[PDB]
Amino acid sequence: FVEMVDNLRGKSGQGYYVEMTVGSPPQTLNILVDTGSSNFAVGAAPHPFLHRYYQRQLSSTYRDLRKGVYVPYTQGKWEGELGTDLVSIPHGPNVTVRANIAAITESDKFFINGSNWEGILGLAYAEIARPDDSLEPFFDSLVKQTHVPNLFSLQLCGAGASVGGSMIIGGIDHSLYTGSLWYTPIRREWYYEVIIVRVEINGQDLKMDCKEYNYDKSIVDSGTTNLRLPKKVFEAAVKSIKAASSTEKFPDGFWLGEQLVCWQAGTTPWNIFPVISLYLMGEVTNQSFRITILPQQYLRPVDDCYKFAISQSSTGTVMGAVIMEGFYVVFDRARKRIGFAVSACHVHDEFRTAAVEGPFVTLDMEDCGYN
Ligand SMILES: CCc1cn2c3c(cc(C(=O)N[C@@H](Cc4ccccc4)[C@H](O)[C@@H]4NCCN(Cc5ccccc5)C4=O)cc13)N(C)S(=O)(=O)C(C)(C)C2
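Following this line, the structure appears as structure tokens:
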């Protein structure tokens, strides 16, 4: 697994990517790692924001599937042509797989100027694959065709400009975290869906029906930047965060994610922004654990200037990259569970720590799920 340590790079707010090759001879591309979708897709035609793209002409192993495809994301969309080809991950397990690939021929607000990735690796399950669930996702192909175990782990690290991390394919690398792993069930195999059973801000319970926390659903999504919260929860949370930080004032466009807020270098008043604890359903009866998030996670750095990285959703909670940052996150597909621990690259505050703590007792956790 040491071969996979530090195999991710990215720019802040523009995702994390891993190097892969496609085709014979191998064509090299940077691919964003997305646990929030299920298609493997690459630029396959010129685009202003692509430094390179997949050239199907030049691969002896390419096979056309004679079928088109499109995927609408929350941010941007693309369309293209389905095919298969041979795929490797150079800083990955030592294997070559024949996988479905969507060649992107048109797109809208998908590729990001200067991001340095040319494609996307949807690691979630077939149920949300386009055009439908008969298009086997990449990780399913990988597992079926090799002896790679059915799990991967993600260590997303913040700054320390440019970001990095590790994607361990096939297991858990114990040098990437400290303390104990805490596991929450995958509620259903489509998104990496989970259930949040309690929320506290600076130790104060939001005191909402826990169904609200999962209104629609809650997912763990490395392809989304922000922590995204259903309307009612978002409003409760911002209220509590404003009140905690009310010795300063911010344009409420800051609270909407539109405007930066800046302080003289090294003077950011971290102490006035609360910690946020999300309690997740545990593995045994009436048992949960919490992950605690620092303001250094949800004030994304862009003097020292930041964007508010908590925003509103209408498709459920999205535990995005800024939540995953500093945690070591195990996507244990084999045992239908998501593990969290404190990362080796965890986020540092001089008087506060990000934590994964348990056990907690929580009654009636099944009521927190939404139908
Ligand atoms: C990193 C750029 C980025 C910046 N922001 C957002 C952003 C979101 C998403 C987002 O969308 N990510 C997609 C994949 C993707 C990744 C890179 C570029 C395009 C797309 C993911 O897959 C998502 N996972 C849940 C289900 N769905 C819908 C779906 C797809 C396929 C099958 C079923 C369902 C997603 O699209 C990306 C960004 N923000 C809104 S936000 O964080 O708050 C923001 C601060 C306003 C800005």
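Positions 39 to 198, 208 to 349, 357 to 425 (mature numbering (1 follows the signal peptide of the UniProt record, and there is no 0)) are the ones given, in order, by the sequence shown.
For each residue, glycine too, the CB sits at the ideal point set by N, CA and C.
Assigned exposure category for residue i - 16 Cβ within 10 Å defines buried
i, result
"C309", "exposed"
"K264", "buried"
"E259", "buried"
"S269", "buried"
"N138", "buried"
"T271", "buried"
"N132", "exposed"
"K390", "exposed"
"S172", "exposed"
"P342", "buried"
"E156", "buried"
"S145", "buried"
"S191", "buried"
"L96", "exposed"
"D178", "buried"
"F336", "buried"
"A167", "buried"
"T66", "exposed"
"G196", "buried"
"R234", "buried"
"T73", "buried"
Close-in-space but distant-in-sequence residues of the same chain around residue i (CB under 6 Å, 5 per side omitted)
i, result
"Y238", "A162, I266"
"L346", "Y360"
"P298", "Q306"
"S287", "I248"
"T369", "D263"
Residues near residue i in its chain [Cβ-Cβ closer than 7 Å; skip 5 each side]
i, result
"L276", "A284, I364, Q366, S367, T371"
"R94", "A82, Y100, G121, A141"
"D403", "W317, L341, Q343"
"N249", "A291, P321, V322"
"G48", "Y54, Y55, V210"
"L103", "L120, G121, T122"
"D44", "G211, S213"
Under 7 Å between C-beta atoms of residue i and residue j
i, j, result
"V244", "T59", "no"
"residue 355", "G218", "Since the chain is numbered 349 and then 357, with no step between, residue 355 has no place in the structure shown."
"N77", "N154", "no"
"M42", "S213", "yes"
"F149", "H85", "yes"
"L180", "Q193", "no"
"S293", "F320", "no"
"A398", "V410", "no"
"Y108", "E119", "no"
"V376", "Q344", "yes"
"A408", "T339", "yes"
"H400", "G374", "no"
"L159", "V241", "no"
"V349", "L303", "no"
"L228", "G51", "no"
"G130", "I216", "yes"
"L325", "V246", "yes"
"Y424", "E330", "no"
"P128", "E174", "no"
"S62", "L124", "yes"
"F301", "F362", "yes"
"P232", "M378", "no"
Neighbourhood of residue i by C-beta, 8 Å cutoff - its chain only, sequence neighbours within 5 removed
i, result
"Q334", "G412, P413, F414, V415, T416"
"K279", "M255, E259, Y262"
"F87", "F149, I150, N151, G152, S153"
"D358", "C309, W310, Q311, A312, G313, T314, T315"
"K105", "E119, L120, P169"
"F176", "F78, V125, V135, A137, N138, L159, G160, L161"
"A388", "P187, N188, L189"
**OP:** Scan the region 111–168 and note each continuous beta strand (DSSP E) run of 3 residues or more that stays entirely inside, going in chain order.
**Re:** The qualifying runs are 115–126, 134–146, 157–160.
Original post:
What are the uninterrupted segments assigned as beta strand (DSSP E) that are 3 or more residues long and contained completely in the region 227–288, given in chain order?
Top reply: Taking only runs of at least 3 residues, the beta strand (DSSP E) segments lying wholly in the region 227–288 are 243–248, 265–267, 274–277.
**OP:** Would you list, in sequence order, the uninterrupted beta strand (DSSP E) runs of no fewer than 3 residues that lie entirely inside the region 376–413?
**Re:** Counting only unbroken stretches of 3 or more residues, the beta strand (DSSP E) elements lying wholly within the region 376–413 are 381–386, 391–397, in sequence order.
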